[PDB]
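In case it helps, the deposited numbering puts the sequence shown at residues 3 to 807, 866 to 905, 910 to 1008, 1027 to 1090, 1098 to 1170, 1176 to 1187, 1202 to 1282. Note that beta-carbon positions come from the ideal geometry of N, C-alpha and C, so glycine has one too.
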Amino acid sequence: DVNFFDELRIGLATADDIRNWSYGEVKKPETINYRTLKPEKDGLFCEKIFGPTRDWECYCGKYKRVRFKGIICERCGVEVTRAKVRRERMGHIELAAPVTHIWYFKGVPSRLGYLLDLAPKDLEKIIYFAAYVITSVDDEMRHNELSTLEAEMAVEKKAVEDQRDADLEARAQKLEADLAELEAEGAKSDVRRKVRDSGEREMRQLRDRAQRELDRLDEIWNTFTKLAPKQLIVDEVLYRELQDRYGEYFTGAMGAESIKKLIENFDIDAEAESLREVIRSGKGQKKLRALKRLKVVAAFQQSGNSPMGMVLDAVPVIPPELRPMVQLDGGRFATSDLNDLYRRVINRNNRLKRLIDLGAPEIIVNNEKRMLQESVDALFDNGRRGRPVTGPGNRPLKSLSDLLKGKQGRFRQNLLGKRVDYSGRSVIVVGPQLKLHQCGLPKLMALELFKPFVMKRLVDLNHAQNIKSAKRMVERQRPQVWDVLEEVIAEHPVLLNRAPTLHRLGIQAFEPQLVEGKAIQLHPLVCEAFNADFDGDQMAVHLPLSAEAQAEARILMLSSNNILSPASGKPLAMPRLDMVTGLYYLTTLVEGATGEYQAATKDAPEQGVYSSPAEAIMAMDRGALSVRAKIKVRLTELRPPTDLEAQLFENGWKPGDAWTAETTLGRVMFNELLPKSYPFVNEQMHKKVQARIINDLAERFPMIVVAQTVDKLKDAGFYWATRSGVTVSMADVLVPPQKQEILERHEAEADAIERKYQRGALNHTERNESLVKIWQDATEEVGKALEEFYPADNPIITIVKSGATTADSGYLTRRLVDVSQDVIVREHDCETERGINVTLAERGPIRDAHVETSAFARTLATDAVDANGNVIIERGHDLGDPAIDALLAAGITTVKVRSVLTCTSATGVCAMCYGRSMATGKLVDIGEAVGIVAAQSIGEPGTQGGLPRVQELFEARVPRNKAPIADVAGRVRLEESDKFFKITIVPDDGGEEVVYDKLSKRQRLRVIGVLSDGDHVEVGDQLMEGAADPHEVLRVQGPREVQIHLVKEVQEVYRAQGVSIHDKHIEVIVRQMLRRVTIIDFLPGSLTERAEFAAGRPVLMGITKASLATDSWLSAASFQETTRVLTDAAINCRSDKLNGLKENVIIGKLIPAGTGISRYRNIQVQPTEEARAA
Ligand SMILES: [Zn+2]
Ligand SMILES: [Zn+2]
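If you want it as structure tokens, here you go:
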């Protein structure tokens, strides 16, 4: 209970370790008495072994008081201690015969098979009593008596030969005399042939019968002469022969005990040195099988674990409370399957003792041992071999393997989650009147949620004197407690979350406000992040308790601090669907509106101007001014545009100054919502515009400003969405009757052309092309009507013009997370000069469309200067959007920017290489777990040329349809075989021509225009449109290029669906694929870390393979291939440093990211001496 450890080591549990764990051997397969329902002595649940059922009470009760702690009762053998030990103490079962641990024997690849060099099929026949095996052979005695045995054996083989030849002549003698005697008597020719045919077969059968024994004897002599330990005999009559004669030279057995003997007479070191020598002689299958086999042999040599652990002499029994036997409510009983699996083991084990003691033919005994062997396999991993053990209803029993994994739908649930106190949920309803940092909380829910809190305040203010009175006071919902609730709730944040949780914005903090009703009121702007429809969705509420937790909610997870998508940097809390149309209408400009500005001439002065913005309101309330009119007024509090601001002042400003411009009264009221410092906009507030303006604000103003500014756009957006006058009815939804009639000629002409196609006037391609012209004619016709058909001021069009309008992908996101979770910023700067080139909106006489996801939010590796001229931007600059335009003037077409691919940080990555945090808009903060955020940023749209191609890339699999890349630079010769293509590259060396043999015409050539014969080609160009083998480009272009390629492919898929993911997210995932280099040979094994590293090569491997290769063994176990990881980890005897965050989550430690880093969890908070005086 120290809560802070360092390592976690695993190793094969020996028979002694098991005996040391156990608190007593369970001897009987008895659960509990059928009458008293008390635990039966010496059986499962035995209180003597595992512990008491009641705290400080022995079984008989002689010592039933709270005293006598840790004293064993001399009548029932029960220790006097808390009943909790009934969940910590184990038992054991002493096996009358050894047994194999199914994990090391059957788990692929066979650990025992590779350890003793026995094929798995052969090994299976040994442990399950299908064939004998030679344990020991005495050479010297055999060699000395070899002569006599040979002589005696020859005599025997001859005696058979003398008999065989002597028998055949007798039958032939009879037939010779018999057939002739029958021939003497009148008989048909066929009769003689039948007898002779029978006689010939009779002889044939007789010689072959003697030949059989000759081959048998020969096999006996050969098998004896070449007898050697580890040999296997399946005949069982041959073996019987070897025992009756020559029985003193050799020894053989079956089952686990023979396997145990071979391990006893086994020299790892002796063997370990032979196989090390064996690797050099024959390269191929022999050395390969030796290479694989040595890994296990070396693991046993380096570690102190005895390979004897693979065969158990004792079996551990899990505590009872984890396999509990419980009396169900309603009279029935329920119990774990382990008890029936343990029952099989102990039942058969005891019967064996019986059989052994009685003395029984080996068949009966061996049959019992095999049964015992199988019962332990079922106990550990049921069904792993043969038909699984089934109970009633033919359902397989839950083995230990199943319950550790979760093989019966338990693992998923463990990472499906664990439940938590101080929580609740309910259906959500819209909260249009809430501030962004607030949420509506049903009073009842907030009551039960804060129950403990309001209880203390209810007692302190002496409404009730004792705590018991406070509990009943809240339980009965006394009217006095509602005043104490607002006091405990004040400035106490809560966490809202809606499943499924895709990105980190799926959980946010809010200021709880007590509300009437049983529904949660959610702010309307956060619907985007939660993907929360109001069709009846429910949301969960959690209550942060500790100071650190509350602070994390106020600072890290607060609603108004998280506005920008942590994937694209785009704003999410930006208005949508209602406020868009409302703001669109407010700012729109209508010609000839009431009060329209008119520059009156020669009879009166202009009538469109107005004294101040307030006056226009009085003209709008009266019928004088339409908010959407083109009037002009003089504003004294808004800031003028940039271009017009220079002409007017250029030296001072207009906090109290005035100025005139012509805009809609609405466009005025709109700009009032923005900050005072922001320049006037004066535009129809299109959907796209609001994104621009909101983006700009995030860069120029703090968060609180944008939060309050978006709050003001919500109110205005809604208010004018109601006065918008947008409703559906018969007229608007009506589809034009003329469109249906015009298509009749459209459909008759497309069909009339089909009647001419059959006649022979079709011309076979123009006809098909002409039909498209007909079909295209209707498309043109609908456009000819569409805007003219429905009045420009149509509410359906206005909604369009304004812009207002599963687990398979989450399966991929899980592998993404598990491969990148340990990637966190660990230092501000690694100081590396390396970087990568960005195209930066090239091809101009023109900005690249993908600059926002490749160049935005980066940092320069080298200064950017435009020659001839001054340096445009200094290295290490943030490369904001304003910087791009400044860079655009210089005419630059490439930029070097730092990246996590080139970062040299020993641990994790550095801030400067990572760059700007998408959520904060500033430099990324040390400790940010950019890996998890990256996996989410990629996984979320996964549910949204699709997921198979993306999964094909991240898993590093050979492309579905392979496409060749250029192996060397030079010109290209193109040839066309029948149904094939040949592509020869004539190098500029010019050396050996590179020929790409056979290429399906179905997978046509790539494009520059389309490639032709004789074009120049570089060292990495893709020759045909398709997916190039990532392992191919790796060996060709090197690690730095494979990353550039993969990112280009992944981002192209997401770009195809209109998803904006910044490259750095994808890069974080790719970086983890090239971290290891294969050695396998100057070193023992391949795939050591690049930093860990006698020549090795750069390696490309999938996320699933890369994540399973992590140094933590319990992280790889909770991920995939559970049984496999433990077996290899137990053998190697690995120790986990508990460095990654997954591990700490399991044991309950602080994750080494965010508020858990060393630098951040050791802050000392003391008040300055200067402040205390006050
Ligand atoms: Zn007792
Ligand atoms: Zn770096």
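Which term fits residue i, buried or exposed, when burial requires 16 or more other beta carbons within 10 angstroms of its beta carbon?
i: residue 1221; result: buried
i: residue 49; result: buried
i: residue 1162; result: buried
i: residue 444; result: buried
i: residue 1062; result: exposed
i: residue 1153; result: buried
i: residue 673; result: buried
i: residue 1137; result: exposed
i: residue 165; result: exposed
i: residue 377; result: buried
i: residue 236; result: exposed
i: residue 396; result: exposed
Could you tell me which residues DSSP pairs with residue i in its beta bridges?
i: residue 890; result: The partner list for residue 890 (beta bridge, DSSP) is empty, contrary to what the question assumes.
i: residue 398; result: 392
i: residue 1057; result: 1064
i: residue 1288; result: The displayed coordinates of the chain run from 3 to 1282. Any statement about residue 1288 would go beyond what the structure contains.
i: residue 327; result: 337
i: residue 253; result: 138
Check whether the Cβ of residue i sits closer than 7 Å to any heavy atom of ligand 1, and report yes or no.
i: residue 441; result: no
i: residue 48; result: no
i: residue 77; result: yes
i: residue 40; result: no
i: residue 43; result: no
i: residue 80; result: yes
Using a threshold of 7 Å, is the CB atom of residue i nearer than that to any non-hydrogen atom of ligand 2?
i: residue 1007; result: no
i: residue 529; result: no
i: residue 923; result: no
i: residue 994; result: no
i: residue 988; result: no
i: residue 1092; result: Residues lacking coordinates in the chain include everything strictly between 1090 and 1098, among them residue 1092.
i: residue 885; result: no
i: residue 84; result: no
i: residue 1241; result: no
i: residue 1173; result: Within the chain, residue numbering steps from 1170 directly to 1176, and residue 1173 belongs to the interval with no atoms modelled.
Indicate the three-state DSSP secondary structure (helix, strand or coil) for residue i in the structure shown.
i: residue 428; result: strand
i: residue 197; result: helix
i: residue 787; result: helix
i: residue 710; result: helix
i: residue 715; result: helix
i: residue 523; result: strand
i: residue 897; result: strand
i: residue 721; result: helix
i: residue 138; result: strand
i: residue 315; result: strand
i: residue 870; result: helix
i: residue 1; result: This structure gives no information on residue 1, because the portion of the chain shown stretches from 3 to 1282.
i: residue 1128; result: helix
i: residue 777; result: helix
i: residue 663; result: strand
Three or more C-beta pairs closer than 8 Å, one from the region 868-879 and one from the region 1252-1259: is that the case here?
no
Count Cβ pairs between the region 541-559 and the region 462-474 that sit closer than 8 Å; are there 3 or more?
no
Would the region 526-546 count as touching the region 433-449 if we require 3 or more Cβ pairs under 8 Å?
yes
Inspect the CB distances between the region 594-602 and the region 618-627 and report whether three or more fall short of 8 Å.
yes
Count Cβ pairs between the region 960-971 and the region 780-791 that sit closer than 8 Å; are there 3 or more?
no
Please confirm if the region 536-554 is in contact with the region 565-578, defined as three or more CB-CB distances below 8 Å between the two stretches.
no
For the region 633-652 against the region 563-571, do three or more pairs of beta-carbon atoms, one drawn from each stretch, fall closer than 8 Å, so that the two count as touching?
no
Assess, as a yes-or-no matter, whether the region 699-710 is touched by the region 675-691 under the definition of 3 or more beta carbon pairs within less than 8 Å.
yes
Should the region 224-231 be called in touch with the region 168-182, which here means at least 3 C-beta pairs below 8 Å?
Cβ pair count under 8 Å is below three, so no.
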